[PDB]
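Read through the structure below, which is laid out as structure tokens, and then see the notes.
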Amino acid sequence: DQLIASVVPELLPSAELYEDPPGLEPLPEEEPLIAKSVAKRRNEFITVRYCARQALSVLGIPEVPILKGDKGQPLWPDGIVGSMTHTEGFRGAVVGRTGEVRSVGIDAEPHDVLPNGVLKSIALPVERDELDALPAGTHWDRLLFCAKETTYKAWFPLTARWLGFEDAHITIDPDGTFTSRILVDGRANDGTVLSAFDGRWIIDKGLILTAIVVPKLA
Ligand SMILES: CC(C)(COP(=O)(O)OP(=O)(O)OC[C@H]1O[C@@H](n2cnc3c(N)ncnc32)[C@H](O)[C@@H]1OP(=O)(O)O)[C@@H](O)C(=O)NCCC(=O)NCCS
Ligand SMILES: [Mg+2]
């Protein structure tokens, strides 16, 4: 039934909430990050971290703050990878152990057309042609955007480098998979090279959810 669980492997626990339940609070160490933030931002930050801590507990990790690094990335415990996402109607998180996977990214977007002008900013010309050829009945522009954001979230923990929308070609399959091909140098922090990612996607509840797992080194 759950969206994240439908697009990631069983060994990565996940949790998701569609509303902000009453009474949640950040951990004390997290409060400074949202002390001057509007209510919508506070709620998304707090609720998503409740989900992340639930998933962490399945791995046997007890309550821990989830702070943000220099580029906004979540700072997980040593030995853990994970990803979080929040949009109106969705907060979700997934975590895993570094002994089982290398990286994970997820992203939820509303299943609506992109705002005016955004497709031109995020798509390669060839991608625009590809999207126009896909079957009618899905907002392929929004799916592409979501998949590219997930690509960055899986890439950044392994490279510590920017990846722009123009720096990867994403090909969407109607069957619920996609691929991301990196067009820039793919050197990762540990000396390996990233060149392509395999992704999965689902549309339900008026939402798109995309996910990439970078698998354990073969
Ligand atoms: C960072 C980004 C991908 C977030 O995606 P989004 O769809 O806007 O927002 P989401 O709600 O899905 O995800 C937000 C969460 O991403 C996570 N995040 C932020 N920066 C991150 C990073 N550098 N690496 C990994 N995860 C990151 C955080 O946990 C954040 O939630 P928090 O602030 O409550 O901790 C997006 O805002 C962005 O800046 N994109 C530019 C880079 C990009 O997408 N390149 C395309 C590559 S092909
Ligand atoms: Mg999003």
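Bear in mind that the values in this text are calculations on the coordinates, not laboratory data. Every residue, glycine among them, receives a Cβ derived from its backbone with ideal geometry; neighbour counts consider all protein chains shown.
Listed values, structure above:
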item: Any hit, segment 142-159, residues being touching a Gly at 6+ places or on another chain (Cβ under 8 Å), without any contact (Cβ under 8 Å) to a residue 40 or more places away in the chain and within 16 Å of ligand 2 (Cβ to nearest atom); result: no
item: Hits in segment 34-50 (condition: out of contact with any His (no Cβ under 9 Å at 6 or more places or on another chain), within 26 Å of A211 (Cα to Cα) and not basic (K, R)); result: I46, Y50
item: Some residue of segment 34-42 being more than 14 Å from ligand 1 (Cβ to nearest atom), over 17 Å from the mean Cα position of the chain (by Cα) and among the polar types (S, T, N, Q); result: no
item: Selection count where residues are away from ligand 2 (no atom under 16 Å from the Cβ), of a type in the set (D, E) and under 12 Å from the mean Cα position of the chain (by Cα), scope segment 69-127; result: 0
item: Near pairs, Cβ below 6 angstrom, 6+ apart or cross-chain, from segment 68-89 (within 23 Å of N43 (Cβ to Cβ)) to any residue that is more than 6 Å from ligand 1 (Cβ to nearest atom) and among the hydroxyl-bearing types (S, T, Y); result: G89/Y18
item: Criterion: of a type in the set (A, V, I, L, M, F, W, C), within 11 Å of ligand 1 (Cβ to nearest atom), closer than 25 Å to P13 by Cβ and outside any strand (DSSP E or B) - qualifying residue of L163, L209, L158; result: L158
item: Qualifying position, being touching a strand residue (DSSP E or B) at 6+ places or on another chain (Cβ under 6 Å) and more than 16 Å from ligand 2 (Cβ to nearest atom), among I170, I212, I182, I202; result: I182
item: Candidates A5, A93, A55, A15 - the one that is free of Cβ contacts under 8 Å to residues at least 12 places away in the same chain and either in a helix (DSSP H, G or I) or surrounded by 16 or more Cβ atoms within 10 Å (Cβ to Cβ) (or both); result: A5
